[PDB]
Amino acid sequence: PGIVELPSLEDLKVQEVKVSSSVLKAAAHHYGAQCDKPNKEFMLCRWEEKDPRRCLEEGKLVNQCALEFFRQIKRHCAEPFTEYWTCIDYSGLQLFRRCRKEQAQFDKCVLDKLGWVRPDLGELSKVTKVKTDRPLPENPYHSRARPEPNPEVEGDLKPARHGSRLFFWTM
Amino acid sequence: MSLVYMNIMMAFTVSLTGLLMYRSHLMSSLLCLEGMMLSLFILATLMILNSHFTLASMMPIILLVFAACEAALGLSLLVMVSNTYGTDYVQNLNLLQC
Amino acid sequence: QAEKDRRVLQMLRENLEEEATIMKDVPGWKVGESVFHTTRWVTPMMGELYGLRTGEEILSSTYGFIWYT
Amino acid sequence: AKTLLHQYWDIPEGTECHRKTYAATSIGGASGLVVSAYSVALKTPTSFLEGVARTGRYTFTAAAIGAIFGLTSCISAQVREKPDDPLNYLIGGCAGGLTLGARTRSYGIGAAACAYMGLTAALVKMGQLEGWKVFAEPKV
Amino acid sequence: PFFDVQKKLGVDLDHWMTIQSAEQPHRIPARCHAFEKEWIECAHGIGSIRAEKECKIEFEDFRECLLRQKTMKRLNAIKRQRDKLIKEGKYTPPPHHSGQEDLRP
Amino acid sequence: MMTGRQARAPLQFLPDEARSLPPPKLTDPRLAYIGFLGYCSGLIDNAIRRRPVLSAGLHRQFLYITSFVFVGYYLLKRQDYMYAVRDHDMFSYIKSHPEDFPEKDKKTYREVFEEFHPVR
Amino acid sequence: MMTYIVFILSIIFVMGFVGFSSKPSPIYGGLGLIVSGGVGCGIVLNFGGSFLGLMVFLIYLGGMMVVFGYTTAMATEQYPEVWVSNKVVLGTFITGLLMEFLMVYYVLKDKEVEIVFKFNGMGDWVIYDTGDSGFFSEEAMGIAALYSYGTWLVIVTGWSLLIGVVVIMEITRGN
Amino acid sequence: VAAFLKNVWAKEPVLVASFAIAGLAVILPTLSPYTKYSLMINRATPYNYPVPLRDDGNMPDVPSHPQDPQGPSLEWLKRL
Amino acid sequence: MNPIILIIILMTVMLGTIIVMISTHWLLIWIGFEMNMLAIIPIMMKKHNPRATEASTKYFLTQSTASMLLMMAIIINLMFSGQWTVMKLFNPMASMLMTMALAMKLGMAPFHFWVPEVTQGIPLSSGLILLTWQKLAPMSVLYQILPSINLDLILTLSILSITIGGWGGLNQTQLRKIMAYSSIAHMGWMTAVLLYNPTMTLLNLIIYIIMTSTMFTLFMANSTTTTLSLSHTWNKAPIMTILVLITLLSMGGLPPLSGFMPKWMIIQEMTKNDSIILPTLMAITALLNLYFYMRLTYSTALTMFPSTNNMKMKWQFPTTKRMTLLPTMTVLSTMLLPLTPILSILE
Amino acid sequence: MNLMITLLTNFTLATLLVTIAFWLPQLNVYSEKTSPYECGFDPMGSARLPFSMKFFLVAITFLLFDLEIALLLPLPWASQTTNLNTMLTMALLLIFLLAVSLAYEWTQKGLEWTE
Ligand SMILES: CCCCCCCCCCCCCCCCCC(=O)OC[C@H](COP(=O)([O-])OCC[N+](C)(C)C)OC(=O)CCCCCCCCCCCCCCCCC
């Protein structure tokens with residue numbers, strides 16, 4: 001029936017945040033605090049477009065801003081961050097409980113030298129709004145014209161003509 | 001559709017031909033009935049797990065549950081025969097013919 | 001999420017771009033043809049992605065989560 | 001069994017003999033297998049050999065019924081040169097009735113069978129001619 | 001006598017589970033949520049006969065989403081062609097498909 | 001086959017449109033017949049329990065007559081409501097679709113040909 | 001022949017079903033069905049259904065431990081047949097195994113059999129998802145919303161089990 | 001009712017203890033003060049993603065940043 | 001049987017029937033069917049007799065096979081359709097399996113091999129409950145899925161049911177086997193018209209239920225389960241002979257009785273679809289049913305059989321049994337013809 | 001996969017011990033060492049006679065109570081649900097149904113033994 005329209009491999013060729021799970025988890029709160037705008041833009045346009053072939057620029061900007069944030073982490077607070085993600089990575093379940101001293105040192109260093117505040121419990125789980133400019137897709141599901149419904153019933157209920165009209169029954 | 005679907009439905013009809021052709025014992029037929037229900041349960045669970053239908057996940061186990069709620073009844077319909085006949089052969093179960 | 005969408009599009013493009021070089025002499029086939037009447041994006045099943053790769057990736061990706069203890 | 005009846009009615013009547021006769025024989029054989037399977041199902045045969053003897057008996061009787069019916073219809077429609085006449089089917093029905101009386105070893109059964117499936121064959125023929133429906137599709 | 005008392009008393013007994021595109025716990029979509037939505041909304045209130053006669057395309061797309069059988073035939077055809085071309089000997093797999101490929105992240 | 005009409009609003013014995021119809025009069029012959037049915041039922045109770053048939057238990061006969069008349073009146077109301085619904089849907093569809101049901105020009109007998117078969 | 005693990009488990013399922021469908025004796029039929037239920041539970045675990053597979057395992061173990069107790073209680077013959085002590089049991093077991101291998105050879109050769117519906121020869125893993133469900137399993141919230149969303153279903157299930165108890169009490173009274 | 005209670009406590013204390021525990025488990029959550037705390041604790045767990053919304057310009061409640069004071073906080077469980 | 005436990009059992013079977021009536025889900029339909037099974041099972045074992053155990057075993061096995069076929073049909077419909085709404089089915093094989101399940105549950109031929117033994121092995125009240133209340137839920141399910149019902153299958157099952165019921169009723173002396181084969185004949189008459197106008201099916205079901213309940217109430221009142229005792233009822237009371245004569249004339253299909261009301265209008269909804277020979281054949285088999293009915297009426301009422309000397313004692317005590325709404329159901333079973341258009345209340 | 005390896009290793013170690021226990025020592029059998037054990041005398045009949053077992057209802061109701069367990073078993077994940085009132089009310093209802101079945105068994109003389 002239809003044909004698929006796939007993007008070229010050149011457009012998808014973009015450098016990546018080549019890090020691990022524990023490194024991403026160690027700086028997760030500060031990444032969610034500082035870099036909320038491009039991430040929320042990407043999440044909103046992905047939720048309202050439902051098509052990854054049209055959702056590439058916001059993902060590119062999310063990736064670039066994430067790598068910029070990690071570069072800013074690397075320039076100022078490298079060694080406490082290395083200690084933090086190392087002791088995070090030692091634990092099997094990646095528990096935030098077994099890393100209190102390293103987390104305290106990391107947040108103190110990044111607050112004193114970069115002024116980022118770690119969000120409290122539930123602050124990252126709030127619903128937000130995004131000052132976007134893309135138009136609202138009026139037909140996001142690629143549907144077609146709906147069939148015409150049946151006409152309703154109109155008019156008064158006049159009585160039956162000459163009774164039931166069933167065989168010899170007059171009434 | 002697939003392959004495991006074919007295997008499970010063929011197991012169901014194999015157990016159906018096992019039940020529908022008796023071999024002179026009631027409880028063996030009860031075992032074949034529970035086998036047919038096993039094929040039904042396996043098919044339903046696999047169908048749900050392929051289709052990601054989360055909220056219908058109650059239906060297999062409950063189906064399973066209700067089967068036991070009749071299967072014990074079949075066992076409760078065995079010893080009563082054993083309380084009248086010495087054994088539970090179906091060829092002895094022909095009193096209702098007059 | 002961005003990584004997952006970019007990887008899915010990359011794998012689908014890799015599968016489509018090698019479908020052309022294998023099926024040429026066959027008659028009456030249009031390459032890359034979809035089986036859906038609508039042009040809307042669908043979440044691809046696992047056979048469309050890794051249906052041309054080696055089997056080690058198959059048991060490390062399909063059953064890999066379940067078989068990891 | 002939806003193709004046996006249609007293949008019976010896919011050939012013009014009284015034109016070719018052996019194909020129509022074999023089609024009617026196959027329909028009779030299917031009916032005989034059905035009735036013999038039911039007979040060995042509800043009634044237990046005393047042995048395997050007696051059961052397959054009963055199955056072969058019913059198969060042979062019904063196959064002879066169908067073969068003689070189709071044959072007699074074929075030569076009747078060929079001799080009278082009337083394809084659209086149910087009298088050929090009535091004659092074939094009496095031929096089948098005589099066949100049933102011969103295989104069952106009776107005479108009054110043969111005459112009653114003459115009348116009964118001769119009328120049945122005639123009803124089939126004007127059902128085909130006038131387009132009657134045994135299972136009418138819902139219209140209103 | 002389908003006595004629909006679920007609408008007479010206004011009590012929801014089993015309308016919350018009967019359809020794949022219903023409200024799900026923790027908002028988890030099924031594998032064919034959009035196709036279910038299209039098939040329901042196209043074939044709503046116009047009758048079953050008109051729904052079958054007119055809304056056949058979206059129901060066919062939904063059935064293809066569920067069973068995926070046409071994709072199975074496609075994969076079978078390309079895999080039989082691949083096995084044949086390996087067996088005669090005019091095909092070589094690329095390093096990306098063979099495993100040594102260094103995936104995107 | 002009226003189930004679609006009983007699709008949106010169910011388990012209603014007499015809907016809002018049924019009140020706009022003329023109710024059956026108490027002198028309707030069908031109501032009298034149903035009252036006779038109740039009287040016969042009371043006579044059958046006087047018969048089968050070995051009682052006098054025409055005098056025993058006037059309260060039972062009056063209860064039977066009243067109950068039969070009550071359920072007969074309500075069933076007749078539902079019946080004429082359903083028949084009025086049938087005729088109204090009839091006329092609505094026959095206004096709605098004139099292309100599939102055209103008009104007929106009734107010819108006179110001075111030109112329509114008929115074949116006369118003599119009886120002799 | 002590695003990624004056909006679901007196919008192999010289904011073949012053992014059909015083999016055990018043919019084995020206990022001969023109806024030789026309730027203990028041996030229970031053994032055959034228990035092997036079949038073990039590989040069916042293996043199928044469900046291999047499809048991610050940990051809870052459903054373990055539940056069908058535990059339920060079947062309890063139910064046919066009761067069945068074992070019943071066949072050792074009442075329904076016993078003097079010389080039970082294993083599989084070969086009688087002729088028709090072995091005949092129908094060999095027959096069922098032959099048809100099982102018949103569509104095995106039919107599905108590994110043309111990869112598309114037609115028995116009522118049409119069936120393919122690839123493993124079911126091709127239909128399994130490519131997406132991740134986060135920090136949770138979906139069937140767990142299915143059986144969790146069993147109590148919240150499932151009001152009428154749980155009510156009728158509990159009432160039916162209570163009625164089963166009272167019925168089973170009433171049946172074996174005698175007087 | 002004291003004599004009957006003493007009688008069942010003397011005959012079988014297990015039934016008396018079981019019925020006391022059952023009655024406590026029935027009537028105490030209906031008198032509990034922390035049930036609504038459990039309600040908001042269960043409701044406040046962030047399982048799925050909190051997707052944002054489109055903007056028409058008229059919303060006083062939702063924020064543009066997670067650290068903005070507008071929006072719901074979670075101070076009650078932090079103190080408790 | 002304990003009265004409270006019996007009341008709970010009756011509330012369970014009516015609750016299962018109501019659940020099948022009101023549910024819009026296939027699983028709840030099957031749950032109601034299972035509750036119906038599990039509640040009707042001890043009704044047959046109220047007397048604790050070996051005949052009751054044989055009947056219960058046969059009924060339980062047949063209904064279990066029907067339930068498993070119903071579940072397989074439901075799962076096939078789910079897999080090809082993805083939902084659970086009680087509406088038209090999306091597969092012919094699921095329609096086959098559900099039609100076989102409902103035919104097995106109803107007792108329609110050739111699955112009629114369990115109804116006469118089950119009716120014979122149980123008492124009269126249990127037979128009433130069976131032959132009346134088990135014919136409501138499968139009729140509702142067939143009412144729900146009539147778009148997907150194959151025409152040839154249901155028509156073949158109907159004509160086989162009527163022919164087999166008449167031929168079975170020609171050669172039975174017991175009253176309960178007569179009732180079972182008459183129920184098969186009425187089932188075929190009722191399900192032949194299902195695809196053309198289901199209101200005719202509902203009307204014939206209502207009339208059949210009223211007449212069968214009337215006859216079983218008369219049999220309970222006379223405490224008779226044999227033809228000879230039914231003939232002996234003439235000496236005990238003449239009024240009982242009058243009512244058995246008029247009722248068994250009503251179920252024959254004679255005007256102006258109420259039993260001519262459904263069947264005739266069945267033809268009125270089958271000649272509109274230009275099906276002519278099928279109502280004629282079913283009328284001929286209705287004449288066969290009328291023949292065994294006429295033999296039974298000759299046995300009981302029109303000829304007074306010789307009696308014994310013991311019945312004089314029974315002349316000194318009136319009938320103290322409770323006849324539940326007997327005159328109303330007799331009147332509705334006899335003289336409902338002049339109120340024929342009342343079937344329009346079933347739309 | 002690791003579960004399969006553990007199962008195969010356990011079965012291999014189990015079936016290797018009986019093979020070592022059987023084919024290693026010297027066998028010497030007559031028609032008395034293979035005889036059934038009846039405390040030094042011949043057995044009276046066979047052991048395949050039907051036992052007049054007395055806890056048939058207890059086994060069936062064990063099955064039914066195990067299905068009650070199957071209904072009550074997914075309760076911990078229901079602790080994470082939002083609608084807590086319906087959860088608590090119906091968990092209490094199902095436990096009460098279990099207790100009602102047990103109490104009816106207690107009153108109507110079901111937990112005791114036959115004969
Ligand atoms: C796991 C950690 C270690 C555990 C301890 C291990 C070391 C000790 C082992 C001791 C020996 C055990 C084996 C031998 C005994 C075996 C038989 C047996 O156990 O029988 C059970 C015995 C049997 O009783 P019985 O044998 O006396 O039965 C007689 C019954 N009547 C009186 C009716 C005739 O007890 C029970 O069944 C009771 C169950 C346990 C009770 C626990 C109560 C806890 C507190 C409840 C609340 C109390 C306050 C009041 C209510 C307040 C409400 C708010």
# chains A, B, ... in the order shown; residues from 1 in each chain; ligands from 1

call {"tool": "residues_around", "arguments": {"residues": "stretch 35-41 of chain G", "least_positions_apart": "5", "cutoff": "6 Å", "atoms": "only C-alpha atoms", "output": "list in words"}}
result
residues 9, 13, 16 and 53 of chain G

call {"tool": "residues_near_ligand", "arguments": {"ligand": "ligand 1", "cutoff": "12 Å", "atoms": "only C-alpha atoms and all ligand atoms", "output": "JSON, numbers by chain"}}
result
{"H": [7, 8, 9, 10, 11, 12, 13, 14, 15, 16, 17, 18, 19, 20, 21, 22, 23, 24, 25, 28]}

call {"tool": "write_last_selection", "arguments": {"atoms": "N, CA and C atoms", "output": "PDB file, in the first residue's frame"}}
result
ATOM      1  N   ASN H   7     -16.370 -17.534  78.890  1.00  0.00           N
ATOM      2  CA  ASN H   7     -16.534 -18.921  78.468  1.00  0.00           C
ATOM      3  C   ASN H   7     -15.741 -19.220  77.196  1.00  0.00           C
ATOM      4  N   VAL H   8     -15.807 -18.328  76.201  1.00  0.00           N
ATOM      5  CA  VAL H   8     -15.078 -18.623  74.967  1.00  0.00           C
ATOM      6  C   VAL H   8     -13.583 -18.406  75.166  1.00  0.00           C
ATOM      7  N   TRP H   9     -13.197 -17.527  76.095  1.00  0.00           N
ATOM      8  CA  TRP H   9     -11.782 -17.358  76.401  1.00  0.00           C
ATOM      9  C   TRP H   9     -11.229 -18.571  77.138  1.00  0.00           C
ATOM     10  N   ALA H  10     -12.065 -19.241  77.933  1.00  0.00           N
ATOM     11  CA  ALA H  10     -11.639 -20.458  78.613  1.00  0.00           C
ATOM     12  C   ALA H  10     -11.605 -21.658  77.673  1.00  0.00           C
ATOM     13  N   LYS H  11     -12.573 -21.762  76.759  1.00  0.00           N
ATOM     14  CA  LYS H  11     -12.630 -22.928  75.881  1.00  0.00           C
ATOM     15  C   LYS H  11     -11.558 -22.861  74.799  1.00  0.00           C
ATOM     16  N   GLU H  12     -11.628 -21.853  73.933  1.00  0.00           N
ATOM     17  CA  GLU H  12     -10.668 -21.692  72.843  1.00  0.00           C
ATOM     18  C   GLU H  12     -10.238 -20.233  72.768  1.00  0.00           C
ATOM     19  N   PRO H  13      -9.061 -19.891  73.298  1.00  0.00           N
ATOM     20  CA  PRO H  13      -8.595 -18.498  73.213  1.00  0.00           C
ATOM     21  C   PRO H  13      -8.193 -18.077  71.813  1.00  0.00           C
ATOM     22  N   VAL H  14      -7.918 -19.032  70.920  1.00  0.00           N
ATOM     23  CA  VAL H  14      -7.452 -18.702  69.577  1.00  0.00           C
ATOM     24  C   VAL H  14      -8.544 -18.000  68.782  1.00  0.00           C
ATOM     25  N   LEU H  15      -9.791 -18.466  68.905  1.00  0.00           N
ATOM     26  CA  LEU H  15     -10.897 -17.826  68.197  1.00  0.00           C
ATOM     27  C   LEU H  15     -11.153 -16.418  68.718  1.00  0.00           C
ATOM     28  N   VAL H  16     -11.053 -16.227  70.037  1.00  0.00           N
ATOM     29  CA  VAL H  16     -11.242 -14.903  70.625  1.00  0.00           C
ATOM     30  C   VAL H  16     -10.153 -13.948  70.154  1.00  0.00           C
ATOM     31  N   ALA H  17      -8.898 -14.411  70.146  1.00  0.00           N
ATOM     32  CA  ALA H  17      -7.799 -13.575  69.675  1.00  0.00           C
ATOM     33  C   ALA H  17      -7.942 -13.245  68.193  1.00  0.00           C
ATOM     34  N   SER H  18      -8.339 -14.233  67.384  1.00  0.00           N
ATOM     35  CA  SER H  18      -8.504 -14.011  65.951  1.00  0.00           C
ATOM     36  C   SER H  18      -9.623 -13.017  65.668  1.00  0.00           C
ATOM     37  N   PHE H  19     -10.742 -13.134  66.383  1.00  0.00           N
ATOM     38  CA  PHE H  19     -11.840 -12.202  66.164  1.00  0.00           C
ATOM     39  C   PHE H  19     -11.510 -10.809  66.685  1.00  0.00           C
ATOM     40  N   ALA H  20     -10.731 -10.710  67.768  1.00  0.00           N
ATOM     41  CA  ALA H  20     -10.288  -9.403  68.243  1.00  0.00           C
ATOM     42  C   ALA H  20      -9.371  -8.725  67.232  1.00  0.00           C
ATOM     43  N   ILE H  21      -8.433  -9.480  66.652  1.00  0.00           N
ATOM     44  CA  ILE H  21      -7.537  -8.918  65.644  1.00  0.00           C
ATOM     45  C   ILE H  21      -8.315  -8.532  64.387  1.00  0.00           C
ATOM     46  N   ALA H  22      -9.298  -9.351  63.996  1.00  0.00           N
ATOM     47  CA  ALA H  22     -10.123  -9.031  62.833  1.00  0.00           C
ATOM     48  C   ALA H  22     -10.946  -7.767  63.057  1.00  0.00           C
ATOM     49  N   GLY H  23     -11.544  -7.630  64.242  1.00  0.00           N
ATOM     50  CA  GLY H  23     -12.301  -6.427  64.547  1.00  0.00           C
ATOM     51  C   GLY H  23     -11.429  -5.189  64.601  1.00  0.00           C
ATOM     52  N   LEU H  24     -10.219  -5.323  65.156  1.00  0.00           N
ATOM     53  CA  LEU H  24      -9.285  -4.201  65.167  1.00  0.00           C
ATOM     54  C   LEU H  24      -8.888  -3.800  63.751  1.00  0.00           C
ATOM     55  N   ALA H  25      -8.575  -4.781  62.900  1.00  0.00           N
ATOM     56  CA  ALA H  25      -8.205  -4.491  61.518  1.00  0.00           C
ATOM     57  C   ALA H  25      -9.372  -3.959  60.700  1.00  0.00           C
ATOM     58  N   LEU H  28     -10.116  -0.043  62.846  1.00  0.00           N
ATOM     59  CA  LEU H  28      -9.054   0.935  63.066  1.00  0.00           C
ATOM     60  C   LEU H  28      -8.672   1.756  61.832  1.00  0.00           C
TER      61      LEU H  28
END

call {"tool": "residues_around", "arguments": {"residues": "residue C:21", "least_positions_apart": "4", "cutoff": "10 Å", "atoms": "only C-alpha atoms", "output": "count of residues only"}}
result
5

call {"tool": "residues_around", "arguments": {"residues": "stretch 67-84 of chain B", "least_positions_apart": "5", "cutoff": "7 Å", "atoms": "only C-alpha atoms", "output": "list in words"}}
result
residues 74, 161, 164, 168 and 172 of chain G; 50, 53 and 57 of chain I; 60 of chain J

call {"tool": "closest_residue", "arguments": {"among": "G:116, G:79, G:86, G:63", "to": "residue J:64", "atoms": "only C-alpha atoms"}}
result
G:63

call {"tool": "interface_residues", "arguments": {"of": "chain J", "to": "chain C", "cutoff": "10 Å", "atoms": "only C-alpha atoms", "output": "ChimeraX atom specification"}}
result
/J:1-4

call {"tool": "write_last_selection", "arguments": {"atoms": "C-alpha atoms", "output": "PDB file, in the first residue's frame"}}
result
ATOM      1  CA  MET J   1      19.864 -19.391  30.456  1.00  0.00           C
ATOM      2  CA  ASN J   2      21.710 -19.705  33.766  1.00  0.00           C
ATOM      3  CA  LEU J   3      18.636 -21.349  35.307  1.00  0.00           C
ATOM      4  CA  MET J   4      18.798 -23.989  32.561  1.00  0.00           C
TER       5      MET J   4
END

call {"tool": "residues_around", "arguments": {"residues": "residue J:71", "least_positions_apart": "4", "cutoff": "9 Å", "atoms": "only C-alpha atoms", "output": "PyMOL selection string"}}
result
(chain B and resi 61-62+65) or (chain G and resi 154+157-158) or (chain J and resi 66-67+75+94)
